[PDB]
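*Asks:* Provide a 3D model corresponding to the input given below.
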Amino acid sequence: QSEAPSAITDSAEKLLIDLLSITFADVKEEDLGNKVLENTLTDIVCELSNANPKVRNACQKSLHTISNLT
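*Replies:* Residues are numbered from 1 along each chain as shown. The coordinates are given below.
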């Protein structure tokens, strides 16, 4: 909710970026997706068209920090 404190969604965004920085560190092949990297990228890029702007900007930032990582 909008009147919840800001550290909830801020800590969630930082945790999502840190988790995607951890689990996408070993992927080097550009066409490497087997079962679960495909689903993680699917749930990220299917949510760029959300109603909430926070999750839109978080999905854009998480797509940017896994294209600069690998």
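
*Asks:* backbone dihedrals for the most centrally placed residue in the chain, please?
*Replies:* Residue closest to the mean C-alpha point of the chain, counted by CA atoms, centre = their mean, is residue 62 at 3.8 Å. Main-chain dihedrals, residue 62, degrees, to the nearest 10: phi -70, psi -30.

*Asks:* next up, the contacts around it.
*Replies:* For residue 62, the contact set (CB atoms under 8 Å, 6 or more residues apart in numbering) comprises 16, 17, 20, 44. For every residue, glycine as well, the C-beta is placed using N, CA and C.

*Asks:* please repeat the previous calculation with a cut-off of 10 Å.
*Replies:* 13, 16, 17, 19, 20, 21, 24, 40, 41, 44, 45, 47 (CB atoms under 10 Å, 6 or more residues apart in numbering).

*Asks:* isn't residue 24 right next to residue 37, touching?
*Replies:* Yes: under the contact definition of CB atoms under 10 Å, residue 24 touches residue 37, with a separation of 7.6 Å.

*Asks:* quick one: which of the two has more around it?
*Replies:* Counted by other CB atoms under 10 Å, residue 24 and residue 37 do not tie: residue 24 has more neighbours, with 17 against 13.

*Asks:* before we move on, back to that, do you know how far the residue nearest to the centre of the chain is from residue 3?
*Replies:* 25 Å (CB to CB, to the nearest Å).

*Asks:* and the end-to-end length of stretch 41-57?
*Replies:* Criterion CA to CA, to the nearest Å; first-to-last residue distance in stretch 41-57 is 15 Å.

*Asks:* figure out how far it is from the centre of its chain.
*Replies:* Counting by CA atoms, centre = their mean, to the nearest Å, stretch 41-57 is centred 9 Å from the centre of its parent chain.

*Asks:* what do you get for stretch 23-36?
*Replies:* 14 Å.

*Asks:* send the alpha carbons of that stretch over as CSV?
*Replies:* This file holds the C-alpha atoms of stretch 23-36, laid out as CSV (Å, rounded to 0.1, in the frame of the first residue of the first chain):
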residue,chain,number,x,y,z
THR,A,23,22.4,-16.1,-9.4
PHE,A,24,23.3,-14.6,-12.8
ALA,A,25,27.0,-14.4,-12.1
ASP,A,26,27.9,-17.8,-13.5
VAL,A,27,25.9,-17.6,-16.8
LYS,A,28,28.3,-16.8,-19.6
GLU,A,29,26.6,-18.3,-22.7
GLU,A,30,24.4,-15.8,-24.3
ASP,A,31,21.8,-18.4,-25.2
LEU,A,32,21.9,-20.2,-21.8
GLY,A,33,18.5,-20.7,-20.3
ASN,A,34,17.3,-24.2,-19.2
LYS,A,35,14.2,-24.1,-17.0
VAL,A,36,14.5,-21.5,-14.3
